Amino acid sequence: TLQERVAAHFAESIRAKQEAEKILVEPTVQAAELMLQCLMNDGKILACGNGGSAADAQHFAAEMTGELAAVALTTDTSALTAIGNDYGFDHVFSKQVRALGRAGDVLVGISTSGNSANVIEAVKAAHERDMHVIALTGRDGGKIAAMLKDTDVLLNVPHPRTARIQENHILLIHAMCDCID
Amino acid sequence: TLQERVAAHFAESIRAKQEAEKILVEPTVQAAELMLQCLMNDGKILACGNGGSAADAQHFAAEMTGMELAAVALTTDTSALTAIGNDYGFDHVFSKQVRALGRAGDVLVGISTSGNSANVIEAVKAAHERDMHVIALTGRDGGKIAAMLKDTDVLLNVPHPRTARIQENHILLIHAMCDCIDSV
Amino acid sequence: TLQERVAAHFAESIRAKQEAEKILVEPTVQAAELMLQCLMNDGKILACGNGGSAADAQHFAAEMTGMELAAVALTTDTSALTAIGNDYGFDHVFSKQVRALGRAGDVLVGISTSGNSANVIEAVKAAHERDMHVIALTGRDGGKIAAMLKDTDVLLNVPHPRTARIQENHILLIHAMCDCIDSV
Amino acid sequence: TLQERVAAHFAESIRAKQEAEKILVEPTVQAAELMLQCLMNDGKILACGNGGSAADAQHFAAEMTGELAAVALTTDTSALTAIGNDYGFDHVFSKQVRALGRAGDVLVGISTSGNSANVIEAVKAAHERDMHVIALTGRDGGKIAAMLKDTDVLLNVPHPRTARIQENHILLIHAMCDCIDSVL
Ligand SMILES: [Zn+2]
Ligand SMILES: [Zn+2]
Ligand SMILES: [Zn+2]
Ligand SMILES: [Zn+2]
């Protein structure tokens, strides 16, 4: 039944947040403290991800500029298609990190599995630039969680389902924004 | 402290979802049914909204087009938004695209956390003018958008004051509707 | 010298347009006629391309939607572009949206300065499988795209080696097509 | 006749470039030199405009990034739609200049008439932030042309029609990028 299906979506979304609340409070505060340190020293925040996580990158960037220095790397479609066509899709965010990023800025990489190849490249590029990284991941954190440093902050939602991971990410993003102001 | 602030966001968001669960289950089915009827008659679904709701509109569209379903977000063509904003005024940026793309039987999904967004209101008017049905994703009391709706439209009002919690519930409603559609 | 370099750009751009003037008047008319036929039979035009051509696609669509005409650029929804690129692969970013939105009688305008863009090629296939007609905006010799067209499609090839000159002729061509549609 | 109209479009575009070729060489060179000075001192370049000029701002930025610091302010549709709705459409570019701009950076403002209100606000915010400005205008340069300082650079295409001004802007953009590339 569609009524039971919908109700099962609500129940699962409540179970995932209850599960997430007990582990994600301290990391989220560390993420917002990292962004405040970046912003208070004339830095800026770059954000990226794919699909619904690309939507979440521009949502976050719009909260900040609506003013605080934040740019989503998922919005310039000439850039995404030029790079996608000539260099390959794995490089669409990294090349923008290399273009805009400077020492002391923060990268917010978003990937529900933690294995998004283009987010992986962007994190690598951020490290070469001496930028800090905040990874919004799900499941076990994937390759992205393994490649982080002690100076980075991991926000892993432990739930296997992508829809549930996205929902927690937008909540994490609203908590960080409210912490910052 | 910052710890207590984050903790409270989580708890507020759990509560918002527990209260939403009690009133939004049957309307979410109506909306999903309304989209199935449209897509099975070779119709398409147009989505629009502002800020976070603009992010929601394109999130929705991408999960439809990613078999491939007919959905277009009206919040993505930046040559269209800025041209219509600059020349005709920002209140007409969605309504004009409804007049370009909309056809009888299509569905407009309009997203407004307050229910009062001038450009989504104009888009609702336009969608009615072209014999389209409307799924309004609103918050608070539903605003002007809820007052405009016909009996053939479906209202999904998130009963909550804070924008952030309304956006969070809107994305849950979208995931629920998409999964009902996939299920058929 | 920067003065001579800039001068050379203008002169080269003038030369490029004088040559296209000799051989692109009749095809441009055929392309516009095809779009008028499609629009008058309640159809729509989909546009796609990479880089500067992505900009051209959304420029074209924005001048159609600003009465309002049915035209969607497939290069604007970043959730769709990034979802399909990540999940399936970059070569299906346009072809999947064509399968979502396209119907019989619609028109795909594929823009590609070499005629060899992998994602624009895959889009042409999907348009053919949907019984849509194609208008290719290409450069150089027309690449694989020019080779791929049916009798009922229209090739607008800019016979020039340099990408920058090809883009500049493409936007002229678009403007001339939009004005021909306006006149009817 | 459609053939005659298209022919007239090619002829008018060649005439407009011949007219533009004889005044814009020196200014274009000064614009490229300004950009090089910005970049070489670790600055970045911001671009904005409406309609086709938003396409051009996006085009420009993409040729810099694929690497040089350039951002179009026309691309984040969540930001454009929030600011349009909450604060008003005149502030969509200026608010982003306030967010991102730093002393010594360059704003590229693109406007076919010189009278785009949101570009005017962008120019104003840029001067308060000690940024230099390259204005791509047409006709007489409008309010934007009167507003510029000695340290800025006007690139005015003297032609009445919007299509012809746009075509020339994309040429100017290609000339500037090639000047910047030749120096590095
Ligand atoms: Zn999703
Ligand atoms: Zn929000
Ligand atoms: Zn170009
Ligand atoms: Zn134009």
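Start at 1 and count along the chain as shown; that gives each residue its number.
We read in the header that X-ray crystallography, 2.4 Å was used to get this structure.
Positions of Cβ are set from backbone N, Cα and C atoms, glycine also.
Record features, source Swiss-Prot:
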BINDING   D:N50, D:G51, D:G52, D:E63, D:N85, D:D86, D:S111, D:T112, D:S113, D:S116, D:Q166  substrate binding site
BINDING   D:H59, D:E63, D:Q166, D:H174  Zn(2+) binding site
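Structure coloured by features recorded in Swiss-Prot.
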residue: D:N50; record: substrate binding site; Cβ within 10 Å: 29
residue: D:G52; record: substrate binding site; Cβ within 10 Å: 31
residue: D:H59; record: Zn(2+) binding site; Cβ within 10 Å: 30
residue: D:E63; record: Zn(2+) binding site; Cβ within 10 Å: 22
residue: D:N85; record: substrate binding site; Cβ within 10 Å: 25
residue: D:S111; record: substrate binding site; Cβ within 10 Å: 31
residue: D:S113; record: substrate binding site; Cβ within 10 Å: 17
residue: D:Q166; record: substrate binding site; Cβ within 10 Å: 26
residue: D:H174; record: Zn(2+) binding site; Cβ within 10 Å: 23
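A gap of 7 residues interrupts the model between D:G66 and D:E67, whose Cα atoms are 6 Å apart. Here the candidates are the binding-site residues D:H59, D:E63, D:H174. The one whose C-alpha lies nearest to that of D:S111 (substrate binding site) is D:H59.
Distance noted between the C-alpha atoms of D:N85 (substrate binding site) and D:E63 (Zn(2+) binding site) is 31 Å. Note: the Cα of D:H174 (Zn(2+) binding site) and the Cα of D:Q166 (substrate binding site) are spaced 13 Å from each other. Calculated from their C-alpha atoms, the gap between D:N50 (substrate binding site) and D:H59 (Zn(2+) binding site) amounts to 13 Å.
D:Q166 are the binding-site residues among D:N50, D:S111, D:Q166 whose C-beta comes within less than 6 Å of an atom of ligand 4, given in sequence order.
Taking the C-alpha atom of D:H59 (Zn(2+) binding site) as reference, the shortest distance to any of the binding-site residues D:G52, D:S113, D:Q166 belongs to D:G52. If you take the Cα of D:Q166 (substrate binding site) and the Cα of D:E63 (Zn(2+) binding site), they are about 17 angstrom apart, rounded to a whole number. Filtering of the binding-site residues D:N50, D:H59, D:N85, D:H174 by Cβ separation from chain A (threshold: under 8 Å) yields D:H59, ordered along the sequence.
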